[PDB]
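# Survey of secondary and tertiary structure
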Amino acid sequence: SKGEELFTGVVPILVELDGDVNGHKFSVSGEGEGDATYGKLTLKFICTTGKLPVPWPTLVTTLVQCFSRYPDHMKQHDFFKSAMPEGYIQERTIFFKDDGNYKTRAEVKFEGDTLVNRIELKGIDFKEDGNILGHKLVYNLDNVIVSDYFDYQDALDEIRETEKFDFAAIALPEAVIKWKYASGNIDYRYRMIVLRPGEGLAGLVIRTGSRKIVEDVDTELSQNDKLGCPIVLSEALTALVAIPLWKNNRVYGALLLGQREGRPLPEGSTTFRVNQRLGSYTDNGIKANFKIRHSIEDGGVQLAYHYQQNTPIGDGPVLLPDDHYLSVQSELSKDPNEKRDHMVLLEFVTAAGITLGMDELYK
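Residues numbered from 1 in each chain as written, not as in the entry; some residues may be left out. Heavy atoms only, no water.

Judging from the entry metadata, X-ray crystallography is the method by which this structure was determined, and 3.00 Å is the reported resolution.

Here you go:
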């Protein structure tokens, strides 16, 4: 609305981070300027508790999208600037592939005439030898195009690759029940065919609000002709787990995790958490998800899966966003005259329509 006028000039940034990773606590303080008309951030961050227990590039995403430069046609959808000055809360989960996770809560708001990002972070389940605690990541950050609109397919890709399944799909109402999204699919017939209410695997799990587990699909087909759901036959599932999805403490949909070719359910599939991986839909605000590639110094790429929630702080009206991208240019630098573990950051963040972004990333 009118929080945009606060960003016409140069704006001072102040950043505070409170962190605790596997019990190792640390603090980071940040200082600099932001030019929103150019999407520009100039910042210096210092670890004021000693050595940073984790690598600097893993905290960049955590360390103010209200400074993105939105092209003229898109300004009408600038949510972050519209939540200003009252602010917004950024809650985030970052899963480091085959390693632990960050959970972060951040208040972003104007303090006087300075934009302040105040962050609290708890990281758990990290490997002592692992890429993170081992400090095996290259000090840089790939210039990237990033989502900032969620996308259930990328969430399903994450879940599939993480629980090491071959197939995943989500059933939602359209109000009957369609299999809307799927990852690892080999056909699209799961969407082309829709069952009447209560019918099928999704119908069962929604009606009963309880998981169904099939260790071997063929043998159970010998008991119940039902289990021959269109999804099961279309994707040739030999084992599967079907989970109920909530969000209103009322059963709303279904998550299907499937295996192929007599390969068995990975260990502990029985006890699986959708936790915060599906935005609105739970296990039992503006959501987004994306993925970050951290170069490993001794050759490699460490993945960081990001799940995002942004809620305005005030009660006044805020602009709502459409589906868009963020083109981010990052430069990681060091202050030659700084004895403390630190980071110099120069950044440019530009908003992009889904077209001008698909065309670059995938075409």
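Now that the structure is up, let's keep going.
A few words on the domain arrangement of the chain. Here the domain parsing of the chain yields domain 1 (3–150 + 285–361) and domain 2 (152–260). Computed from C-alpha atoms alone, the centre-to-centre distance between domain 1 and domain 2 is 35 Å. Overall, the association of domain 1 and domain 2 removes approximately 540 Å² of surface from exposure, summing both partners, and the carbon and sulfur fraction of that is 53%. On the domain 1 side of the interface with domain 2, the three residues burying the most area are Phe150, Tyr305 and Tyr307, jointly 59% of the side's total. Here domain 1 and domain 2 share one salt bridge between them. (Domains from an automatic or database assignment. Buried area = accessible area lost by both parts, 1.4 Å probe. Salt bridge = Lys/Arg side-chain N within 4 Å of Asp/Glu carboxyl O.)

Counting 55 residues, the largest nonpolar core has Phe67 and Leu115 as the members making the most contacts within it. The dominant element in this core, judged by the number of residues it contributes, is strand β1 (residues 10–21), at five residues. The residues touching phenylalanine 67, leaving out its near neighbours within four places in the chain, are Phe7, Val11, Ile13, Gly34, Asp35, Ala36, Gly39, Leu41, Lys81 and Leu115. With 24 residues, the next largest nonpolar core counts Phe95, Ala168, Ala239 and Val241 among its residues. (Core = buried A, V, L, I, M, F, W, Y, C linked by side-chain atoms within 4.5 Å. Buried < 20%, exposed > 50% of the residue type's maximum accessible area, 1.4 Å probe, protein only. Helix = DSSP H or I, 4+ residues; strand = E, 2+ residues; numbered from the N terminus. Contact = heavy atoms within 4.5 Å.)

For strand β4 (residues 88–96), the tally of buried residues reaches eight of nine residues, placing the bulk of the element in the interior. Taken together, the eight bridges between β4 and strand β5 (residues 101–111) define a ladder with antiparallel strand orientation. The residue of β5 that forms the bridge with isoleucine 89 is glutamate 107. Taken together, β4 and the strand that follows it, β5, pair antiparallel across an intervening segment of four residues, in which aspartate 98 is found at a positive phi of about 55 degrees. Where β4 meets strand β14 (residues 300–312), nine bridges bridge the pair, whose relative direction is antiparallel. Paired with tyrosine 88 across the bridge in β14 is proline 312. (Pairing = 2+ DSSP bridges.)

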